[PDB]
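Below you'll find the structure I mean.
Chain lettering (A, B, C, D, E, F, G, H, I and J) follows the sequence in which the chains are written, and residue indices restart at 1 in each chain.
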Amino acid sequence: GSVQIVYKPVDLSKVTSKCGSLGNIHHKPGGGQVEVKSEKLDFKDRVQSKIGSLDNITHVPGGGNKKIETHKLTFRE
Amino acid sequence: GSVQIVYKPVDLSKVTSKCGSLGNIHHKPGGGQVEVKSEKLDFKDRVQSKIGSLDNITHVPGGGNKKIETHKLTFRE
Amino acid sequence: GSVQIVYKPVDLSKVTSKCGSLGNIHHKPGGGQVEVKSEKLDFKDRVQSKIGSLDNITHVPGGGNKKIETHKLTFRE
Amino acid sequence: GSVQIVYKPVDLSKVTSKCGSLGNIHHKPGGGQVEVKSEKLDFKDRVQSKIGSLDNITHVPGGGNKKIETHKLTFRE
Amino acid sequence: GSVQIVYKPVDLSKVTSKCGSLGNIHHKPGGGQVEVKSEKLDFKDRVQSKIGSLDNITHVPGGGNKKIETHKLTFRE
Amino acid sequence: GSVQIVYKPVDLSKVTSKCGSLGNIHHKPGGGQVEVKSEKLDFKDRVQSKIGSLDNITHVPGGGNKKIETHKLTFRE
Amino acid sequence: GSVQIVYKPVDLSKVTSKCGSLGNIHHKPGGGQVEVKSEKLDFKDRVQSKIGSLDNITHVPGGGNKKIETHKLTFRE
Amino acid sequence: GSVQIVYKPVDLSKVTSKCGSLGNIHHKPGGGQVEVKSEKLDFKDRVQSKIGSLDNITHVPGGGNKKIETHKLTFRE
Amino acid sequence: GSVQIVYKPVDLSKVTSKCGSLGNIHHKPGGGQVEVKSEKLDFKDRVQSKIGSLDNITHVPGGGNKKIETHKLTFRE
Amino acid sequence: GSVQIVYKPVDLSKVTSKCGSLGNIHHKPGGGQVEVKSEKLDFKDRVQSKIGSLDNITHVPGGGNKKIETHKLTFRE
């Protein structure tokens, strides 16, 4: 028996934005205190650990539009 | 027996936004105190741990529209 | 016996927004105190743990429209 | 039996943005204090650890639009 | 049995941005204090560790649009 | 007329204390938030004002015995 | 008329203390937030003002015994 | 008329203390945030002002006994 | 008329202390943030102002006994 | 009329201390952030101002006993 598979998705999407003016932003963190304690650490896989951090991030993108698209075709016999 | 499969999705979506003016934003964190205690840590898989953190984030995207689209076709025999 | 499957979804959706002016935002956290205690931690799978955190987030997107769309076609024999 | 597979996805998407003016941004972190303690650390896989950090990031991209697209075709016999 | 596979994806996407003026940015970190303690460190794989850091980053790209696209075709017998 | 005044107070008081062991004391304040608003402030005398404060005090004296003694003799004619 | 005044106070007081062991004291303040607002401030005398403070004090004197003694003799005619 | 005044106070006081061991003291302040606003400040006298402070003090005197003694004799005619 | 004044105070006080061992003291301040604003400042007298400070003091005197003694004799005619 | 004044105070006070061992002291300040703003500053007297400071002091005197003694004799006619 013959098997025919056609996979023709179509996309014409648009992701736009507009901003006349963007600014005057203040970010003033006032310190902190962090203390961690451990003995053994065994990470053996796709691990993404993060231990004992004091971080400040200022992320101001003028655009910032994100589009994610995944296609998957699995054929088995 | 013959098997025919046609996969033709169509998209014309739009995700837009507008903002005349965007600003005058203040973010003032007043410190803090964090303490953690542990002995053994075994992470063996797709682990995304995060231990003992004091973080401040200011995220001001002028746009910020997000679109996610996944297609999956699994064929078995 | 022949099997025919046609998969032709259609989308023309729109997700829009408008904002004449957006601003004058204040975020002032007054500190805090966090303490955690543990002995053993075994995470072996798609784990997304988060232990002992003191976080402040200011998220002010001018747009911020989110669209999620998933298609799945499973064929078995 | 003959097997025919056609994989012809089409994309015409656009991800745009506009910003008349973008600036006047202040980021003033006020110090901090971090202390970590450990004995054994065994990482044997695709590990992405990060231990004991005090970081400040100012990320102001004029654009900042991100597009991710993955295609996968697995054939088995 | 003959097997025919055609893989002809097409892309015409565009990722653009515009910014009339971009500047007047201040980033003034106020010091800090970090202390770490360890005994044994065994990393034998694709490890990306980072221990005991005090970092400041100012990333202001005029553009900053990122596009990622991966194609994979696995054939088995 | 002759006036004779004799002022011979006598003190032999003792103020003692004993403590075999004194310790293991924890004081962990969890932040706070204070806001004050005023226009005019006129202090012209022995004034001891204190406005808008967030204070923490740990006072652990091993002794701490206090003795106050005042003598006053006023003669008028 | 003759006036005779004798002022012979006597003190033999003692203020003592004892402490076998004194320690193991923890003082961990968790930040805070203070904001004050004013226009005019006129202090013309023995003024001891204190405005807008965030203070932490750890006072652990091994002794700490205080003795205050004042003598005053006023003669008028 | 003759006036005779004798002023012979006597003191033999003692202020002592003892401490076998004194230590193991921790003082860990977790940051903070202070903001003050003013226009006019007129201080013309024995003024001891203190405006907008974030202070930490660790005062551990092994002794710390304080003695204050004032004598005053005012004669008028 | 003859006036005779005798001023013969006597002091034999002692202020002592003892400490077998004194140490193991930790003082770890976690940063902070201070901001002050003013226009006019007129100080014309014995003024002791202090504006906009972020201070840390560790005062560990092995002794630290303080004695204050003032004598005053005012004669008028 | 004859006036006779005798001023013969006597002091034999002692201010002592003892410390068998004194040490192991840690002082680790974690940065900070200070900002001041002013226009006019007129100081015309015994002024002791101090504006906009970030200071750390470690004062560990082995002795540290302080004695203050003032004598004043004012004669008027």
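Here, a contact is a pair of C-beta atoms (placed from the backbone, for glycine too) under 8 Å apart; a residue touches a chain by one contact, two chains touch by 3 or more.
Undergrad: Which contact partners do chain F and chain H have in common?
TA: B, C, G
Undergrad: Counting residue numbers used by both copies over all numbers at the interface, does the chain C-chain F contact come out same (over half shared) or different (under half)?
TA: Result for this pair: same.
Undergrad: I need the pair from D-I, F-H or A-C whose contacts repeat those of B-H. Over half of the residue-number contact pairs should coincide.
TA: It is D-I that repeats the B-H interface.
Undergrad: Centroid of chain E to centroid of chain H, CA atoms only: how many Å?
TA: 59
Undergrad: Calculate how many whole Å lie between the centre of chain H and the centre of chain J, each centre taken as the average of the chain's C-alpha atoms.
TA: Once rounded, the distance between the two centres reads 10 Å.
Undergrad: How many angstrom between the C-alpha centroids of chain J and chain I?
TA: Averaging C-alpha atoms per chain gives centres 5 Å apart.
Undergrad: Which chain E residues sit where two or more other chains touch them?
TA: Chain E, residues with two or more chain partners: 17, 19, 22, 24, 28, 30-33, 45, 64-65.
Undergrad: Let me know each pair of chains that touch one another.
TA: Applying the touch criterion to every chain pair yields A-B, A-C, A-D, A-E, A-G, A-H, A-I, A-J, B-C, B-D, B-F, B-G, B-H, B-I, C-F, C-G, C-H, D-E, D-H, D-I, D-J, E-I, E-J, F-G, F-H, G-H, G-I, H-I, H-J, I-J.
Undergrad: Would you pull the chain E residues touching chain I in the complex into a rising list?
TA: 30-33
Undergrad: Which residues of chain C touch chain B once you look at their complex with the stated criterion?
TA: Contacts found on chain C: 1-77.
Undergrad: Help me check something: in the complex, which residues belonging to chain H touch chain J?
TA: 23, 44, 54, 61-63
Undergrad: Write out the stretch or stretches of chain A touching chain C in their complex.
TA: 17, 19, 22, 24, 32, 45, 64-65
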